[PDB]
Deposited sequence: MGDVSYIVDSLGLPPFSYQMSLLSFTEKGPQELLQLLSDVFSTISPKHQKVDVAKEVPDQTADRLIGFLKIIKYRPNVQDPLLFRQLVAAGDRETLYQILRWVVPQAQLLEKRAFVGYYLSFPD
């Protein structure tokens, strides 16, 4: 905190426009958070994380992060992996804090050429 308030404020804007309380957020454990990251990425195919094993969850989100050019704080690729898989609070807050603001920009760029009426 208040990485938290930054993240929460960003979720109340587009493309999420969802009101989450400072408390409700911090009450989220490892799996709710991996879901949240997963759902954030889907807003920008959605996935119920309880239908995945945490090792391909990690890789899948790591794959997406490399796409958008995320520089993790942890410089050990495999320690980052496992921290993602374990849903570490600080690691996840770190990612969410970087990604969620600028989601409107990430979405605009992701949305491009998808729809026939809106060519690349």
How would you write out the unmodelled ranges of the deposited sequence, numbered from 1?
45-48
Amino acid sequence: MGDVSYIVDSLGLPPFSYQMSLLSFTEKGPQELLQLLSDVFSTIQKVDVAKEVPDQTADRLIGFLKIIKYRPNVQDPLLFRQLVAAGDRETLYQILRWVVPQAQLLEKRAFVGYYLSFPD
From here on, numbers count along this sequence of modelled residues.
Using only the Cα atoms and their B-factors as the entry lists them, report which of 18-26 and 92-100 averages higher.
18-26
Could you check the entry and say whether 4-12 or 111-119 has the higher mean CA B-factor?
111-119
One of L33, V40, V49, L65 has the largest Cα B-factor in the entry, namely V49
Within this chain, which third does the Cα B-factor at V74 fall in: lowest, middle or highest?
highest
Report the third (lowest, middle or highest) to which the CA temperature factor of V84 belongs, ranking only the modelled residues of the same chain.
middle
Of the three thirds of the chain ranked by Cα temperature factor, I44 occupies the lowest
Consider only the C-alpha atoms of the modelled residues in this chain, order them by B-factor as the entry records it, and name the third containing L61: lowest, middle or highest.
lowest
